[PDB]
Colleague: 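Here you go, one structure.
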Amino acid sequence: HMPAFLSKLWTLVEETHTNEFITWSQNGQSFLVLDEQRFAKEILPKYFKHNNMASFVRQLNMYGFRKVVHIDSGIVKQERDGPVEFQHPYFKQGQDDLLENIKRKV
Amino acid sequence: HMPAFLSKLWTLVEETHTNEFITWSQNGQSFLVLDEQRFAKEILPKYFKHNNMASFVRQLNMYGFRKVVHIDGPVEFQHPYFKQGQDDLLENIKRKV
DNA sequence: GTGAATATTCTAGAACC
DNA sequence: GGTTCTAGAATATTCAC
């Protein structure tokens with residue numbers, strides 16, 4: 001009864017064997033994608049019918065996830081990418097009961 | 001006077017040293033991006049202030065380029081006025097807004 | 001099976017730089 | 001003008017009945 005995207009996202013983020021690529025941020029308030037490229041080509045196709053980060057991000061925004069922006073505020077590197085962080089008020093570590101409040105947009 | 005992006009794109013596709021990643025398609029009517037991930041990581045920042053395929057693709061669409069469908073099958077984009085050996089045609093390409 | 005909801009893809013709007 | 005994040009639009013595909 002819960003959309004497949006949301007149940008798969010929870011599993012993804014929660015599952016320890018994926019934590020190198022996708023995991024909870026340090027205070028359970030958001031999830032991280034640590035290695036976008038290996039995530040997209042190895043992890044995504046095991047759960048979805050694609051290997052495109054763009055199509056994963058589309059879904060995130062569709063369910064109202066928002067990217068957490070980190071900027072540089074200082075020195076620029078240029079020698080390291082990302083990582084990528086997304087947040088939703090009802091996608092929270094050790095509160096899976098909140099997931100039912102997440103709603104697709106249109 | 002020509003937009004940075006168009007003259008940079010033209011350089012990228014045309015330059016033999018980059019053809020492992022980005023090159024004219026076989027009949028000069030479109031270009032191909034053969035290895036999206038290395039293209040983006042290693043080539044894009046040599047010419048632009050980023051390394052995101054997505055930001056490159058936003059610019060392509062902004063200038064009216066369109067992805068060619070193909071019935072990961074490499075990536076192909078087309079613009080009627082972006083044609084191999086017809087660099088004169090580039091001045092006809094216009095940013096959209 | 002059929003009509004809707006959802007998924008995936010491609011392109012564009014908007015804010016910011 | 002360029003880069004980023006989010007959403008519109010156009011198909012595919014899946015789901016609930």
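Note that these values count all heavy atoms, side chains included, but never hydrogens, waters or copies made by symmetry. We name chains A, B, ... by the order of the sequence lines, and we start the count at 1 in each one.
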Colleague: With distance as the sole criterion, do the side chain of A:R58 and the base of C:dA7 form a donor-acceptor contact below 3.5 Å?
Modeller: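 Per atom types, no contact qualifies.
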
Colleague: Less than 4.0 angstrom between a side-chain N/O of A:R66 and OP1 or OP2 of D:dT6, yes or no?
Modeller: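 Looking at the OP1 and OP2 atoms of D:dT6, one of them is under 4.0 Å from a side-chain N or O of A:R66.
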
Colleague: Please report the distance, rounded to the nearest Å, between NE2 in B:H79 and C1' in C:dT11.
Modeller: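 For the pair B:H79 NE2 and C:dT11 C1', the rounded distance is 14 Å.
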
Colleague: Counting side-chain heavy atoms from C-beta on, which of C:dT8, C:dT11, C:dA12 comes nearest to B:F77?
Modeller: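 Nucleotide nearest to B:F77's side chain: C:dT11.
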
Colleague: Examine distances only and state if a side-chain atom of B:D35 and a backbone atom of B:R38 form a donor-acceptor pair shorter than 3.5 Å.
Modeller: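 At least one qualifying donor-acceptor pair exists.
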
Colleague: Within the structure, does a side-chain N or O atom of B:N52 lie under 4.0 Å from either OP1 or OP2 of D:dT3?
Modeller: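 So the side chain of B:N52 is outside the cut-off, no N or O lying under 4.0 Å from OP1 or OP2 of D:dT3.
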
Colleague: Quickly work out the A:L9 CG to C:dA7 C1' distance and round it to whole Å.
Modeller: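 In whole Å, C:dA7 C1' and A:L9 CG are 14 Å from each other.
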
Colleague: Of the candidate nucleotides D:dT3, D:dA7, C:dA12, which contains the atom at the shortest distance from the side chain of B:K96?
Modeller: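 Of the options given, the side chain of B:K96 lies nearest C:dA12.
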
Colleague: Rounded to the nearest angstrom, tell me the gap between atom NE2 in A:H50 and atom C1' in C:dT6.
Modeller: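 So the NE2-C1' distance, A:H50 to C:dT6, works out to 12 Å.
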
Colleague: How close do A:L34 and A:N19 get, heavy atom to heavy atom, and via which atoms?
Modeller: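 A:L34 and A:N19 have their closest heavy atoms at CD2-O, 3.8 Å.
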
Colleague: Report the distance from atom CZ of B:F65 to atom P of D:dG2, rounded to the nearest whole Å.
Modeller: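 Nearest whole value for this atom pair: 12 Å.
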
Colleague: Only one of A:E85, A:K92, A:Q87 forms a side chain to side chain donor-acceptor pair (under 3.5 Å) with A:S30, so which one is it?
Modeller: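 Testing each of A:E85, A:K92, A:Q87 against A:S30, the sole residue satisfying side chain to side chain donor-acceptor pair (under 3.5 Å) is A:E85.
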
Colleague: So, OP1 or OP2 of D:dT6: does either fall under 4.0 Å of a side-chain N or O from A:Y63?
Modeller: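 No, outside the criterion.
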
Colleague: Using a 4.0 Å heavy-atom cut-off, does A:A54 contact any base of the nucleic acid, only the sugar-phosphate backbone, or nothing at all?
Modeller: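 Since no nucleic acid heavy atom lies under 4.0 Å of A:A54, the category is nothing.
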
Colleague: Measure from the side chain of B:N61, starting at C-beta and using heavy atoms only, and say which of D:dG2, C:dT8, C:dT11 lies closest.
Modeller: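 Per side-chain heavy atoms of B:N61, the pick is C:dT11.
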
Colleague: Does B:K67 put a side-chain nitrogen or oxygen below 4.0 Å from OP1 or OP2 of C:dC10?
Modeller: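 Answer is yes, contact under 4.0 Å.
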
Colleague: Could you tell me how far apart A:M2 (CE) and D:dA16 (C1') are, to the nearest whole angstrom?
Modeller: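 Distance check: A:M2 CE to D:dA16 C1' gives 17 Å.
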
Colleague: Can you tell me the distance, in whole Å, between the CD atom of B:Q59 and the P atom of D:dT4?
Modeller: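 Interatomic distance, CD of B:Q59 to P of D:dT4: 10 Å.
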
Colleague: Over 60° means perpendicular and under 30° means parallel, so tell me whether A:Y90 and A:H88 are parallel, tilted or perpendicular.
Modeller: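 Geometry flag for A:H88 against A:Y90: tilted rings.
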
Colleague: By nearest atom, which of the nucleotides C:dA12, D:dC5, C:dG13 is closest to the B:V97 side chain?
Modeller: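 It is C:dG13.
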
Colleague: Report yes if a side-chain nitrogen or oxygen of A:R104 is closer than 4.0 Å to either non-bridging phosphate oxygen (OP1 or OP2) of C:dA7; otherwise report no.
Modeller: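 So the side chain of A:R104 is within the cut-off, an N or O lying under 4.0 Å from OP1 or OP2 of C:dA7.
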
Colleague: Using the rule ring-ring contact (aromatic ring centres under 6.0 Å, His included), only one of A:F86, A:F91, A:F56 pairs with A:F65; which is it?
Modeller: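 Option passing the ring-ring contact (aromatic ring centres under 6.0 Å, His included) with A:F65: A:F91.
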
Colleague: How close or far is atom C1' of D:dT3 from atom CE of B:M62, stated in whole angstroms?
Modeller: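 So the two atoms are 9 Å apart, to the nearest Å.
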
Colleague: Whether A:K49 contacts D:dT13 is assessed here as follows: a side-chain N or O lying under 4.0 Å from the phosphate OP1 or OP2. Is that the case?
Modeller: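 Answer no for this pair, as no side-chain N or O of A:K49 is under 4.0 Å from OP1 or OP2.
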
Colleague: In whole angstrom, give the distance that lies between atom CG of B:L60 and atom P of D:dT4.
Modeller: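 Roughly 14 Å, once rounded to whole Å.
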
